[PDB]
Each structure stands twice: as C-alpha cells, then as structure tokens.
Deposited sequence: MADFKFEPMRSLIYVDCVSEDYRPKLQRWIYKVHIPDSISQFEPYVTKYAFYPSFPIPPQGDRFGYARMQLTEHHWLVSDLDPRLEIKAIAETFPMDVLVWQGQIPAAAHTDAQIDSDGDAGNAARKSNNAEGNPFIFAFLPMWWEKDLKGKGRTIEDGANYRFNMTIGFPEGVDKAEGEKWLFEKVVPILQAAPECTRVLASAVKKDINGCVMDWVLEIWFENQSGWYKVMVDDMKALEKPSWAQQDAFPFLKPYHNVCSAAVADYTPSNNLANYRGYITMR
C-alpha cells in the first residue's frame, strides 16, 4: 500500500536528573544511540541533530528544563505508521536510560515528550527578518500542553492574547515563533511548541520570571507562577545556541576518545 509524504520536524526534550548520571547518559547517546538511529532511518530522515542545553537558569526547573539536550529529527514519512515498527536491528536501549532521563524514578516519573511539528514555524510573532548577523541568540525552546479537561481553544487564546503580548512588550525578547503540535501523529500531550529568543540568561529571567508576574493565575493553573503548568508533564524546555557541532548525519565519525 502507499506511504504518505509527511515532512515533519520533531523535538524530544532529554533531561538528565542527576549530574552523577551525566557521563553515562552522554556516553549512551553519542557512542550507542547515534549509530543505531542512523542505521534505522538514514533513508527517510534528512537531518538528525542534538542541541546541548545551556546551563539551567534560575527557576528553570519550573519550566521542565531539559538538562541534557534537545534531540531534533527531520522526517519524510511518519515514524508512527505501523509498518515502520519492524526493524532488522532494534536499538540498544538499556532501562537505565529511562532512569537517567527521569521517566522512571530511582519521586514521581515524567513522561517522554516527543513532539511532531511541520518543518516550518506556523506563526512568526516577533522579530521577523532577524539574521545571524544581528548577534548570538539565547534560544528558549518551550513546549506546553494544557491540563486534561481544559478547552484547547481557551488555552490557545490565553497563550496568544495574554502571554505573547508580554513577550512583545519586552525589548529583551528578540524573537517569538510558534507552531501547533501534530497531535494526530503520536498522541503527544503537548499542544504548542514556542521558541522565544533573548540575548542571554538575564534577559530570559527578566521576561519569563519577572515580567510574567503580571499575569493572573489561570483557574486551571498547576503551579502558582508562569508557566502555570506541571514541570516535565505539561511543560518542557531548553535554552540552546544557534549552532551545534552534533549535526549527526553530516558530522559523526565514530566514538573517538580523548588521548
């Protein structure tokens, strides 16, 4: 039967719940998981990259901050088509990975957030026309999912009519982009992915912590302050640079170790 052309970009928010786990998790990612993953999807994924997170900022924990990385894929077909379940070689995936990332507690576990999007941002709300010449960006990529039972249209209205205007009013914020999550692909609980750029951490803080104190607490709030959503369950995020050396289809040459 036919396979549908379905160009998409996806983001996975990869936490590391203890610094003691960092060397093991990073080793699995770069030594074991890159080659397994390239082996599977090289013919139908056009780009596969990791964007290591900047140091977690003050209060970043309340935003479900991914302390390892954002993992990004660009797909030509849906990876959730049931025909793609079959693989000659399955990935080497120890249970420990789920512990390191926080899906399994070693107090409450966190879901694994794997959000599919169109390849192009749907909404350009601030900073259209910004070029790389204009300077280094502190790119705060945030996904949110309204609580079960909350009308999606109500939440959309809050996000674009109450939240985004505070971003627009802050000169510290240089860029605001958004897309709806493709819920039809894999059941992801998130509803929106936004990327919100600052010059630096102080600017992120000024706007996302201090300026947002102006917002009323919504009746569905899951925490007392913005983003008003349960960390790691209904909000995940990461702050990343413009560039990553881990453009894995182009740049990987095996696990070469330091002398």
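- Comparing the deposited sequence with the modelled residues, the stretches lacking C-alpha coordinates are 1, 108 to 130.
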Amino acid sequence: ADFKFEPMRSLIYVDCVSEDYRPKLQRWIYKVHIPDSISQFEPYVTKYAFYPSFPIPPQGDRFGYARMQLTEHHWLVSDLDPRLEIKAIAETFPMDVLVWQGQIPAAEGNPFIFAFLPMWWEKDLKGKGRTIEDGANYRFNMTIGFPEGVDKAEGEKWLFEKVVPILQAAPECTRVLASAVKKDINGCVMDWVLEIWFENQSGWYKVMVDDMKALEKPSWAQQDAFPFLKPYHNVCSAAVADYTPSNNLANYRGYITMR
From here on, numbers count along this sequence of modelled residues.
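- Looking at 170 to 178 and 80 to 88 together, the entry lists the larger mean B-factor for 80 to 88, computed on C-alpha atoms.
- Remark: stretch with higher mean C-alpha B factor among 211 to 219 and 189 to 197 is 211 to 219.
- Annotation for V99: C-alpha temperature factor in the middle third relative to the rest of the modelled chain, per the entry.
- Sort the chain's modelled residues by C-alpha temperature factor and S53 lands in the lowest third, per the entry.
- Among all modelled residues in this chain, the alpha-carbon of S246 has a temperature factor (C-alpha) in the lowest third.
- The deposited CA B-factor of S39 belongs to the middle third of values across its chain.
- The deposited CA B-factor of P118 belongs to the lowest third of values across its chain.
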